[PDB]
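Visitor: Numbered per mature numbering (1 follows the signal peptide of the UniProt record, and there is no 0), the sequence shown spans residues 7 to 229.
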Amino acid sequence: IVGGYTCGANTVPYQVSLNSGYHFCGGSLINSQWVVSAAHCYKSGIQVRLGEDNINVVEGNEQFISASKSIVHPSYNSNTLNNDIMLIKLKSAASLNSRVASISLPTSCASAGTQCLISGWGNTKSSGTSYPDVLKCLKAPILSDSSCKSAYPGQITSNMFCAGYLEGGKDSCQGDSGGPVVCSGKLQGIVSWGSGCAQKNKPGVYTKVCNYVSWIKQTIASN
Ligand SMILES: NC(=[NH2+])c1ccc2[nH]c(-c3cc(OC(F)(F)F)ccc3[O-])nc2c1
Ligand SMILES: [Ca+2]
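1) Kindly indicate which residue of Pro112, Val140, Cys115, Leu93 has the alpha-carbon position closest to the one of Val42.
2) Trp40: beta carbon under 6 angstroms from a heavy atom of ligand 1?
3) For the beta strand (DSSP E) that contains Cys13, what are its first and last residues?
4) Note down the Cα distance separating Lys192 from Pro186, rounded to an integer number of angstroms.
5) Following the continuous beta strand (DSSP E) through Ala146, name the residue where it begins and the one where it ends.
6) How about the stretch 105-113 and the stretch 159-171: do they share at least three Cβ pairs that are nearer than 8 angstroms?
7) Answer yes or no: the CB of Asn60 versus the heavy atoms of ligand 2, is any distance below 6 angstroms?
8) Report buried or exposed for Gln69, applying the criterion of at least 16 other Cβ atoms within 10 angstroms of its Cβ.
9) Suppose contacts are defined by Cβ-Cβ distances below 7 angstroms. Is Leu87 in contact with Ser183 by that definition?
10) Cβ of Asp177 within 6 angstroms of any heavy atom in ligand 1?
11) May I have a chain-ordered list of the beta strand (DSSP E) segments no shorter than 3 residues that lie completely inside the stretch 25-108?
12) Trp127: beta carbon under 6 angstroms from a heavy atom of ligand 1?
13) Could you tell me whether any non-hydrogen atom of ligand 2 is closer than 6 angstroms to the CB of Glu68?
14) Buried or exposed, going by whether 16 or more other CB atoms sit within 10 Å of the CB of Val63?
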């Protein structure tokens, strides 16, 4: 997260860190046994870390659970990142409480102007790499479709939305992929891609979760 602030330990209780011997992506806990992340974060050997704040130190509240299976959306396209969503089922259910809690899926899509909270342990520099130890937060608004499409002509599908600042300086970045975009207490986006990080006129692009709620419910129900 570039231009963000330290969230404070366990203030974002649905945030998870996907770890394969190091933190590589974020995710959101939606029920005690399922996490939603981005299909481009897929890999085998995933350990889901819940109740985390400092990813390099065990300080208490952490729950490390291995993933039993990861389900990448069947229509995920790695070249366009269309349908960039993945569900991970945990080997055992997490103990939910106030430091570890799930986030609700939306009943409707959010409109431009909605203010949302994006969080993660991704890069905090737009030029160079600086990865934090603790969770960073950023409040960003969803942009209108014309500004999004004008920023990335021909690369935005109806399963994507832009959120951020066209003036630059504040944005999600590498390491934040797979993490949550929560607006009015509902999970509306998944950090997906962007051109560089916090560059002027190049906002972040997020998977539009309201278009996958029926798929998420049907898939969890049959697995
Ligand atoms: N500007 C943004 N809002 C943004 C958000 C997530 C990103 N994730 C990545 C990303 C970049 C990668 O390429 C690299 F390893 F060469 F840097 C790899 C994975 C990513 O998720 N870039 C990103 C940019
Ligand atoms: Ca820790």
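Ideal placement from N, C-alpha and C gives every residue a C-beta, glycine not left out.
Guide: Judging by the given coordinates:
1) By alpha-carbon distance to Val42, the top candidate from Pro112, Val140, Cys115, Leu93 is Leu93.
2) Taking 6 angstroms as the cut-off, the C-beta of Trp40 does not count as close to any heavy atom of ligand 1.
3) Careful: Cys13 lies outside any beta strand (DSSP E) and carries neither H nor E.
4) Approximately 10 angstroms, taken between the alpha carbons.
5) Note, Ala146: beta strand (DSSP E), 142-147.
6) In short, these stretches do not touch, since the Cβ pair count stays below three.
7) It does: the Cβ of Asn60 is within 6 angstroms (strictly closer) of some heavy atom of ligand 2.
8) By the 10 Å Cβ count, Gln69 comes out buried.
9) Going by C-beta atoms, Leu87 is not nearer than 7 angstroms to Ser183.
10) Yes - ligand 1 has a heavy atom lying nearer than 6 angstroms to the Cβ of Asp177.
11) Under the rule that a run must span 3 or more residues, the beta strand (DSSP E) segments found entirely inside the stretch 25-108 read 29-37, 40-43, 53-56, 69-78, 92-96.
12) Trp127: no, Cβ never under 6 angstroms from ligand 1.
13) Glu68 Cβ: within cutoff of ligand 2.
14) Counting C-beta atoms within 10 angstroms of its own C-beta, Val63 has fewer than 16 neighbours from the protein chains shown and is therefore classed as exposed.
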